[PDB]
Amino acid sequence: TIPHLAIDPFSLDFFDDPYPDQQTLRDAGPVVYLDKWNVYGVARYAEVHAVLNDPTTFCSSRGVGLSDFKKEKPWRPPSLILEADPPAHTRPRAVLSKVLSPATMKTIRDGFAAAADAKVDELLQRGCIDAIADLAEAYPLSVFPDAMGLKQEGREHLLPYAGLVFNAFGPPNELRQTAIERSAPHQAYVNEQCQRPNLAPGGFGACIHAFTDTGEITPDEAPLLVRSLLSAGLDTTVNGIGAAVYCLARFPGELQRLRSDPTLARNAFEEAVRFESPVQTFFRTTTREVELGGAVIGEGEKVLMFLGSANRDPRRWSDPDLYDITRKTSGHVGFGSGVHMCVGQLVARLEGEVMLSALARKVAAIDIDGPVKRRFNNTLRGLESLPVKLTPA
């Protein structure tokens, strides 16, 4: 009773324009079977939300990529947070929640906002820039490694490592093979910086190690928790901020509404996360036979959740293909939902808000003025190059 589809959601053709295929995935049924990779798929909001919020049935400890850790060796030691179920997940989650807490945002906000304002003013002196390399990448590179407390040496490995991280959740296609092959130098750099002596006191990494005193994590758990932030904390925000600028460039009416009320910056970024869904997909693995939308899925099956499709499902969203900075976005699954919901969401929103605030106060127009190039990744959606001309307000 389950429709079988041949759509490859990790193919370059799909990445290049996923929306027609996502509708076919939604409209085929609440649950589909993807013959290309032998996994189940859910693409509607209701089922994606249900799977995310049913962690005892749809577990994370067998991996959140295609690979089943019960069957294949993980490419690196399993994540203590992303690839753990409760109760093992709980205390590492609590540490990260405290390290990336509301109280912590107060300590970094002035620096993050200052860097965003300075970057936009710098770009306005150049006129014609690449909104990826010069903005979406440059700005997070200017604040997040420092907030982590990383040394200067080796930071050139951060974006390559993240590309590997997010390609590795995918199937064994060319993107994944090429990423994992000869990835040892990227892994070695990151694993070295996770050690306590290499992390600046006061930064996120040192604060993680400081929590080993409390009994919430052991000293040998702290480097892997630092690793989780170096895996997820940079490339996500690159594609989130790039998504927002791409939206503002394509919807000039919405840039003008943002200009008229810069306090819409935070929601304008949140809507960009829904609209583009920089993190497109994650998997779960069934721990038991389970009925889901009329489908009876066996134990030990991989289930692919299309977060971006859920965020564009007209069953849930009015006018889902419209970028609307005053939309009530609560309930979107671009940061996940439930026990694994993005623990770094305050850092992501802070970066996005202060950058969009700077644009709102300083920029009158954003015009695409060069060839746009898409960046292909098994998990991340975003652009490789976005040439724009910025007109000062």
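C-alpha atoms forming the largest set that superposes within 1.5 Å between two forms make up the rigid core. In this text, residue numbers run from 1 along the sequence as written.
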Original post:
So if we fit everything on the core, which stretch drifts more in 6 other deposited structures of this protein, 255-263 or 174-182, C-alphas only?
Top reply: 174-182
Original post:
Do the Cα atoms of 303-311 stray more than those of 215-223 in 6 other deposited structures of this protein, or is it the other way round, with the core held fixed?
Top reply: 215-223
Original post:
Looking only at CA atoms, which has the higher mean B factor in the entry: 374-382 or 11-19?
Top reply: 11-19
Original post:
Mean CA B-factor: is it higher for 65-73 or for 354-362?
Top reply: 65-73
Original post:
Considering only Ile129, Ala222, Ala94, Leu150, which residue's Cα atom bears the greatest B-factor as recorded?
Top reply: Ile129
Original post:
Which of these, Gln345, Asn38, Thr326, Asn53, has its C-alpha atom at the highest B-factor, as the entry lists it?
Top reply: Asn53
Subject >> Cα B factor band for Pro30 (lowest, middle or highest third within the chain) >> reply: middle
**OP:** Among all modelled residues of this chain, ranked by Cα B factor, put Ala168 in the bottom, middle or top third, i.e. lowest, middle or highest.
**Re:** lowest
Original post:
Taking the C-alpha B-factors as the PDB entry records them, is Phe144 in the lowest, middle or highest third of its chain?
Top reply: middle
Subject >> Ranked C-alpha temperature factor of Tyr161 among modelled chain residues, by third >> reply: middle
Original post:
Thinking about Cα B factors across the chain, which third does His89 belong to?
Top reply: lowest
